[PDB]
Amino acid sequence: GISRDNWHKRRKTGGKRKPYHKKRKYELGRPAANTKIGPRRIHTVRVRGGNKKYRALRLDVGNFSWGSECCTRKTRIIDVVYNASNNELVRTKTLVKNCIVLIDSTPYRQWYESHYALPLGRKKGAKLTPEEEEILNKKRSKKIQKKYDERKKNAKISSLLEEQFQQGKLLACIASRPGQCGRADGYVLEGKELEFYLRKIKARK
Amino acid sequence: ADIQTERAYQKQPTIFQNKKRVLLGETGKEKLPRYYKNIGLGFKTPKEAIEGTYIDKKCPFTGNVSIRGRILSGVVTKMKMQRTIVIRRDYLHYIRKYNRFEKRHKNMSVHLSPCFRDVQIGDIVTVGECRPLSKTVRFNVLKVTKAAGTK
Amino acid sequence: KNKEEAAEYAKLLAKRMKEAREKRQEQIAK
Amino acid sequence: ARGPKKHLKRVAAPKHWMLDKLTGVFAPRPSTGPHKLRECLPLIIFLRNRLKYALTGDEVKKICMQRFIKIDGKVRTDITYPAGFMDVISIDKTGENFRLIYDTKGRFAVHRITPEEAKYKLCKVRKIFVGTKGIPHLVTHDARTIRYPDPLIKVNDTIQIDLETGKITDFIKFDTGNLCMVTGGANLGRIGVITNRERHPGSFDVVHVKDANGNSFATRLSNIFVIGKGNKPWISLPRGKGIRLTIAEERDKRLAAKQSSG
Amino acid sequence: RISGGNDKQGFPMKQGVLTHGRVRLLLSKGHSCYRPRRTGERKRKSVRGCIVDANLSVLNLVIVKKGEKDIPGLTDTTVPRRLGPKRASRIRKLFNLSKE
RNA sequence: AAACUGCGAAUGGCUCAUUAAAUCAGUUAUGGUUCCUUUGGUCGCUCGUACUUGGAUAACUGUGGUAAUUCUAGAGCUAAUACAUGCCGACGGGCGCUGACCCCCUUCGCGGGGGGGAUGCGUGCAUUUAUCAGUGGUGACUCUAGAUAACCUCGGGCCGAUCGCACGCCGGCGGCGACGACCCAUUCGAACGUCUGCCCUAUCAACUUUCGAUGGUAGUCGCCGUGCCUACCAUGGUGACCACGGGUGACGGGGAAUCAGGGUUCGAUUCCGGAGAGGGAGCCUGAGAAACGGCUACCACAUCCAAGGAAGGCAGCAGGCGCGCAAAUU
């Protein structure tokens, strides 16, 4: 029976407002969708006009975009690490819009290696499992190898992104409203936005 | 100054700022394009809005508001809110029985963009009607004309 | 019907754009 | 209050229907359709109050369910179907075609047209927009969606529509010097040549129209409907040619006609 | 099989109610012991729990397995029956007809 | 006939209790939203049993329970434009990415330039996110359209398993309709905003701000804009141009009576807008209701009872009671 009406509020002058009508159906509100990280659970809501809203109650997968490389991937949502609105929303690990999440980087790592030899970090270490060295070296005709060689020119990943890829988790921002559309979609944090949010997360501790 | 004075990163949603960089194209700073639009009705975009760094989603020139409906005027009387100012619209109301007028007024809370520096009490502001921006704000300052006494 | 309408409008659009280009060249002539 | 209303009081009906005040409490509430509630002539009003083929609404229903009436070439059995400006009402059984047109008093006159002129109509385009993989669509005053219009056709233009196929035959641009009629306001029903359109950005444009008798008036741009290229209408006009008379001139004409007739 | 019943006041016996007495349930469309007069109507109705006890006017039983002796008024007669299948597929299934 | 399904029952009618920038009136806006129905359009634009699929359940038959209701239970059948599922074909392809391979120019060494193409993956008529370029439009879009990389809700989005009339010439076509589904177009509205206008009272002069009061940022919720709500932050916002508070035998207006001119009083009352259905509150269904001739409670009043329970809402039309100076036919 919660309501979003303006007539229960005080006036700009500050005086009380006496209601002339009781609560209307079109003025209703609904309980918040405190979308938690977990196996996909989405409840549909019949809304005004006969349309539907997708109240996502549990999500562990989101379509996040690496915008510098124009690479949108479906990824596992691992953690919630920063919320600008409420710090309770990070303790409870609630997925809302503009909340900062830790997502997986493995599909971004696959697209990373498909444009082979993005910035060299630790690639000469005591590691190299079989069956994926082909995606890095391969037997390529001279034209395709030259194409990869010229792709090497645009192999520039920010140092912070490199540390995140080493950690296996990318910082990302959820640009969707999980409690309204049923998806937790967003974009990988990079640039001054990434620096700002890293500073904020560090200063929270 | 530093526009990141909030708990969330402040940015213009239209502008994609972390495009892939180039070492030779780096000249000390990454460079940032500015999103601005011209509101209609012959109002010029201030040089501040085009070449500023402020983030204000309710700015008529760099925000997400449209100017439709009444174009009004008033004199600035309060500047004690964040990006909002209280202007006073004065008029004469005609009482027919006495064939006379009475001085009436009302105060409008209007959004003021950071693109308008040096706005003073008593300055005249041309404001444009937009969607509800807050509980009481429905107009956005489009133009500022200085008071004659300013020096 | 969709294919016929698309073809008819493609020819009409080609004719109209040719006329507009001719007017543009005549304007740049002055 | 809750949901749409379904009735229309007799005295709250549009005044151009020329309904009585003692013939019931209710007026025919026009159905939803191509034209607005207050700018339409319901089929019952046309077939009963104007043409007098029916004395009651039941007789209008009897006439309409025999499929004798066609609006724009399509048989309509809804006795409250909203028929509005430029609509062609064809009765093949009695072999007569009418076009719903405005009189200088702002009322839908009973205007008979030939079978050859019943094959088409004029429509003011209300909007043009590119949609659905780049196809230009055009919406008219009668809610007729036409795909692939001529790229020259813009808003406020008039298009001649072939009623059988619903496709554009020709078009008249909105321009100074073109004949037009007024479809709303005080000057409703007047026909004249456009002389000047003065633009008000963010507001309503005002168009000035000069009569064929020299009289000049103004309307809002939404109330203009281009009728012909130049001063020749593309459609037949009522007994009056859109020239509104003053009350003195109308009184003199009436007196002279009665003197010379009986 | 115990198929339900009616308690001493005639109130019907409902499957999911795990009490021995009577309860009041907000029955809606799709629930037993209720028939909505209009679409979306729900009513608070008294229903007897599904557990059988002494306080029952009638208990309904369905013979899911016959014995060795025929009950004199229950198993020796048969229904001559009408209203066979009406759908074409059901008709062809009953008589094992090929689609040809 | 019944019964299932579909639609309507949210209109109309009544009443004037609440309500003092609230309702309402004129004026503008939705470039900040929803929209059953009507009308026009889209409706092989998916590239991997169809000559028709599945299970039920009514009506009906039969057995019943309760003092009692428009209460229903058990059993035996049977349908769909109810419910659910689901395909050929369009279908040949084309588009983008991936490129197993093939030449020419050529300091035949040391490189770089152009065309065809097969393993493979996504295409779409919608949704969500990110990015790019700049068909049509506006005063103005972060509009429309386009391209790219993905996504695509078990409580899953469309891409017809529906129905009547009429005629035909080798293992094929087809003309009129009805109904239904998606999307667009605002027909009908609804909801929110803008501007200005409301009676008496200071024996009401300061009010609001703990429990949002004014604004900012992020979000939640909502059909959307919005302190609507939440967290954090700022200390704001209104006022003798009368705020705030109180009173009103105050629903507002069109309007009515009176009126030389100016005015004074009235407007419950058939038209428009609002509000309510004994008082509050919460909901289902639906396009649309916080509906009451819908449901769920409590409060007040009240009906039947076999005392276990069941059932209520005339400010609808008549008609009673009561109240009164005061108002008609079951």
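When reading the values below, keep in mind they use all heavy atoms of this one structure, side chains included, and skip hydrogens, waters and symmetry mates. By convention in this document, chain letters (A, B, ...) are assigned in the order of the sequence lines, proteins followed by strands, and residues within each chain are numbered from 1.
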Legend entry - Minimum heavy-atom distance D:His137-D:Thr145, with the two atoms named: CD2-CG2, 4.0 Å
Inset, instruction - Positive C1'-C2'-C3'-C4' means north, negative means south, so call it for the sugar of F:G189. - result: north
Legend entry - F:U19 and F:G322, which share atom name P, separated by this distance in whole Å: 32 Å
Inset, instruction - With heavy atoms under 4.0 Å as the rule, sort D:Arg147 into base, sugar-phosphate or nothing. - result: sugar-phosphate
Inset, instruction - Check the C1'-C2'-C3'-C4' sign on F:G320 and let me know if the sugar comes out north or south. - result: north
Legend entry - 5' precedence on RNA chain F between E:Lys86 and D:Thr145 (nearest-nucleotide basis): D:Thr145
Inset, instruction - With heavy atoms under 4.0 Å as the rule, sort A:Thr44 into base, sugar-phosphate or nothing. - result: base
Inset, instruction - Have a look at F:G74 and give me syn or anti from its glycosidic angle (syn if within 90° of zero). - result: syn
Inset, instruction - Identify whether any heavy atom of A:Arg30 sits under 4.0 Å from a base atom; if not, whether one sits that close to sugar-phosphate; answer base, sugar-phosphate or nothing. - result: sugar-phosphate
Inset, instruction - Using a 4.0 Å heavy-atom cut-off across all strands, classify D:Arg126 as base, sugar-phosphate, or nothing. - result: nothing
Legend entry - Consecutive bases F:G32, F:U33 stacked per 5.5 Å and 30° rule: no
Inset, instruction - To the nearest 0.5 angstrom, please state how far the CZ atom of E:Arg1 sits from the CG atom of E:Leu61. - result: 10.0 Å
Legend entry - E:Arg38 or A:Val96, whichever maps to the more 5' nucleotide of RNA chain F: A:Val96
Inset, instruction - Taking the side chain as every heavy atom from C-beta outward, state whether E:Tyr34 and E:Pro12 have any pair of such atoms under 4.5 Å apart. - result: no
Inset, instruction - Any chance you could measure A:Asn6, atom CG, to A:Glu27, atom CD, to the nearest 0.5 Å? - result: 9.5 Å
Inset, instruction - With heavy atoms under 4.0 Å as the rule, sort D:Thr140 into base, sugar-phosphate or nothing. - result: nothing
Legend entry - Spacing of the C1' atoms in F:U123 and F:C47 (rounded, Å): 9 Å
Inset, instruction - Kindly indicate whether F:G96 forms a Watson-Crick or G-U wobble pair with F:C121, where both distances must fall under 3.5 Å. - result: yes
Inset, instruction - Quote, to the nearest angstrom, the P distance that separates F:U209 from F:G139. - result: 47 Å
Legend entry - side chain to side chain donor-acceptor pair (under 3.5 Å) partners for A:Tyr187, two or more places apart: A:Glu193
Inset, instruction - Identify whether F:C295 and F:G263 are a Watson-Crick or G-U wobble pair (both distances under 3.5 Å). - result: no
Inset, instruction - Have a look at E:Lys93 and say if it touches a base, only the backbone sugar-phosphate, or nothing, with a 4.0 Å heavy-atom cut-off. - result: sugar-phosphate
Inset, instruction - Give a yes or no on whether F:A213 and F:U235 are a Watson-Crick or wobble pair, applying the 3.5 Å threshold to both distances. - result: yes
Legend entry - Taking every non-hydrogen atom, the tightest pair across D:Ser31 and D:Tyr81: OG-N, 4.1 Å
Inset, instruction - Please determine, for F:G312, whether a Watson-Crick or G-U wobble partner exists with both distances under 3.5 Å, and give it or none. - result: F:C301
Inset, instruction - Sign of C1'-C2'-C3'-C4' decides it: give me the sugar pucker of F:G164, north or south. - result: north
Inset, instruction - Not counting sequence neighbours, which residues clear side chain to side chain donor-acceptor pair (under 3.5 Å) with D:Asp72? List them please. - result: D:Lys121
Inset, instruction - Using the six-membered ring wherever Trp is involved, compare the ring planes of D:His7 and D:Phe26 and label them parallel, tilted or perpendicular (cut-offs 30° and 60°). - result: tilted
Inset, instruction - Evaluate F:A218 against F:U230 for Watson-Crick or G-U wobble pairing; both distances have to be shorter than 3.5 Å. - result: yes
Legend entry - Closest non-hydrogen atom pair between E:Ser46 and E:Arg22, with its separation: CB-CD, 3.9 Å
Inset, instruction - Tell me, please, if F:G278 and F:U69 meet the Watson-Crick or G-U wobble pairing rule with both distances under 3.5 Å? - result: no
Inset, instruction - Using chain A heavy atoms and a threshold of under 4.0 Å, write down where along RNA chain F the contacts begin and end, 5' to 3'. - result: F:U18 to F:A291
Inset, instruction - Using a heavy-atom cut-off of under 4.0 Å over every strand shown, decide if E:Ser89 touches base, sugar-phosphate, or nothing. - result: sugar-phosphate
Legend entry - Wobble or Watson-Crick pair present, F:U131 with F:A147, both under 3.5 Å: yes
Legend entry - Nucleotide F:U69 sugar, north or south by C1'-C2'-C3'-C4': south
Inset, instruction - Pick base, sugar-phosphate or nothing for A:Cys181, based on heavy-atom distances below 4.0 Å to the nucleic acid. - result: base
Inset, instruction - Just say parallel, tilted or perpendicular for the rings of A:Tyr197 and B:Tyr9, cut-offs at 30° and 60°. - result: tilted
Legend entry - Rounded P spacing from F:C228 to F:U248 in Å: 31 Å
Inset, instruction - Taking syn as within 90° of 0 and anti otherwise, name the glycosidic form of F:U128. - result: anti
Legend entry - Where the chi angle of F:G227 falls, syn if within 90° of 0 and anti if not: syn
Inset, instruction - Using a 3.5 Å upper limit on both distances, decide if F:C229 and F:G219 constitute a Watson-Crick or G-U wobble pair. - result: yes
Legend entry - F:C141 and F:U142 stacked at 5.5 Å and 30° limits: no
Legend entry - Heavy-atom closest contact (A:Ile174 atom, A:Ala184 atom, distance): CD1-CB, 4.1 Å
Inset, instruction - Examine F:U39 and F:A185 and say if both key distances are under 3.5 Å for a Watson-Crick or a G-U wobble pair. - result: yes
Legend entry - Nearest-angstrom distance, P atom, F:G309 to F:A56: 39 Å
Inset, instruction - State the pairing partner of F:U142; accept Watson-Crick or G-U wobble contacts with both distances under 3.5 Å, and report none otherwise. - result: none
Inset, instruction - Could you check whether D:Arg144 gets within reach of a base, just the sugar-phosphate, or nothing at all, counting any heavy atom under 4.0 Å? - result: sugar-phosphate
Inset, instruction - Could you tell me whether B:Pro60 contacts a base, only the sugar-phosphate backbone, or nothing, with contacts defined as non-hydrogen atoms closer than 4.0 Å? - result: nothing
Inset, instruction - Using a 3.5 Å upper limit on both distances, decide if F:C179 and F:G160 constitute a Watson-Crick or G-U wobble pair. - result: yes
Inset, instruction - Could you work out the separation of F:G288 and F:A190 based on their P atoms and round it to a whole Å? - result: 16 Å
Inset, instruction - Have a look at B:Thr14 and say if it touches a base, only the backbone sugar-phosphate, or nothing, with a 4.0 Å heavy-atom cut-off. - result: base
Legend entry - Closest contact, heavy atoms only, D:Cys123 versus D:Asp142: SG-OD2, 3.0 Å
Inset, instruction - Describe the nucleic acid contact of D:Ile146 in one word from base, sugar-phosphate, nothing, applying a heavy-atom distance below 4.0 Å. - result: nothing
Legend entry - Test: F:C200 stacks on F:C199 (six-ring centres under 5.5 Å, planes under 30°): yes
Legend entry - Syn or anti for F:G249 (syn when the glycosidic angle lies within 90° of 0): syn
Legend entry - Touch class at under 4.0 angstrom, heavy-atom based, for E:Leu83 against every strand present: base
Legend entry - Separation between the P atoms of F:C158 and F:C87, rounded to whole Å: 15 Å
Legend entry - Whole-angstrom distance between F:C16 and F:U269, as gauged at atom P: 7 Å
Inset, instruction - With the stacking criterion set to ring centres under 5.5 Å and planes under 30°, output yes or no for F:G255 and F:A256. - result: yes
Legend entry - Ring pucker hemisphere for F:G48, per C1'-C2'-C3'-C4' torsion: south
Inset, instruction - Could you check whether E:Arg44 gets within reach of a base, just the sugar-phosphate, or nothing at all, counting any heavy atom under 4.0 Å? - result: sugar-phosphate
Legend entry - Chi-based syn or anti call at F:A240, which uses purine or pyrimidine torsion atoms and a 90° bound: syn
Legend entry - Pairing partner (Watson-Crick or G-U wobble, both distances under 3.5 angstrom) of F:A100: none
Legend entry - Test applied, side chain to side chain contact (heavy atoms under 4.5 Å, CB included); reference residue, B:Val127; option that passes from B:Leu142, B:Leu72, B:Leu112: B:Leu72
Inset, instruction - Using a cut-off of 3.5 Å for both contacts, decide if F:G8 and F:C188 are a Watson-Crick or G-U pair. - result: no
